[PDB]
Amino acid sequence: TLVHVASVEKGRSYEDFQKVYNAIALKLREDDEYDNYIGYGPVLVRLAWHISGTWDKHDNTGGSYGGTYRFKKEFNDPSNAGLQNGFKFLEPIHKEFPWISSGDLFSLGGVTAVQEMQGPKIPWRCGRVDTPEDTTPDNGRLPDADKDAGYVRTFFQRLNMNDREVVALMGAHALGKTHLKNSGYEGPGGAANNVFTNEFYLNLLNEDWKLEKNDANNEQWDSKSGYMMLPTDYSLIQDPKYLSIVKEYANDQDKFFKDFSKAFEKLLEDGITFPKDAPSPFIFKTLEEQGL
């Protein structure tokens, strides 16, 4: 019912946002030690997802538009524990480019992270506008990890995502790790990765998974190679419809990249009305492509 119309930051164009992208990317390169040398890429992807994943298609509450993660109710959501690291990373970027909206910054952080981690290009649109503290969605809109495929499927209908979009998005769980103090899940340690590939799907299909209890007394799936999956991750191979799609992405890197790009852009744009004369989506060059 609420309408959020994208409004381009005054006078700004592609080159302005490429500069912001570049600053994020240069800081990703510089701050390499974070989380035992994983770096900030994975947490920035999770931040972009969590600021977007509060959306409810029924009333257009939540979503990335309003930048409401900057308000304490949302930044203190138990579901967001650990994301303060990503926010702190983005603070000096926002100070350098104070003209960018909070939603644009948080979402751009995720795009930049995916691309700099050698993921697909993610087209990105500007024009999110900060909204007041009373527009902050209540806690409890982000998903639980201890549930089954039916829970996941129903959960993602609220975000207008179908089976293929859900399975594609979940491939982000190749990135980074779980931290017991944040979520009650732990790992991987030495098997953690900061390069974007389709390995989530290959690992689901090819590892010898054991259902174990962690030190927080929660169940998770662990392999002898040191990989781990949440119950919701493992549900993608328990449900026959999800399983077919897992097999598809395990066997086609390009298809996975293309589907993830579309689903991730969609996620980041849910709730936003783009005027018919809005700029086209921007596709930012990586530092590597720029020789930087």
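If you superpose the two forms and keep the largest set of C-alpha atoms that fall within 1.5 Å, you have the rigid core. From 1 onward, residues are counted along the sequence shown.
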Core superposition done, the stretch whose Cα atoms deviate more in 8 other deposited structures of this protein, picking from 188-196 and 136-144, is 188-196
Entry B factor averaged over C-alpha atoms, 93-101 against 107-115: higher for 93-101
Per the PDB entry, mean CA B-factor is higher for 30-38 or 230-238, namely for 30-38
The largest CA temperature factor among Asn203, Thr197, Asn139, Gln157 is found at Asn139
Listed options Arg46, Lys255, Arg70, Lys262: highest C-alpha B factor recorded at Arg70
Here the Cα B-factor of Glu269, set against its chain, lands in the third termed lowest
Here the Cα B-factor of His173, set against its chain, lands in the third termed lowest
Quick tally, chain-level thirds of C-alpha B-factors: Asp163 sits in the lowest
Entry-reported C-alpha B-factor of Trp221 relative to its chain, by third, is middle
So, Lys213's CA B-factor, relative to its chain, sits in which third? The highest
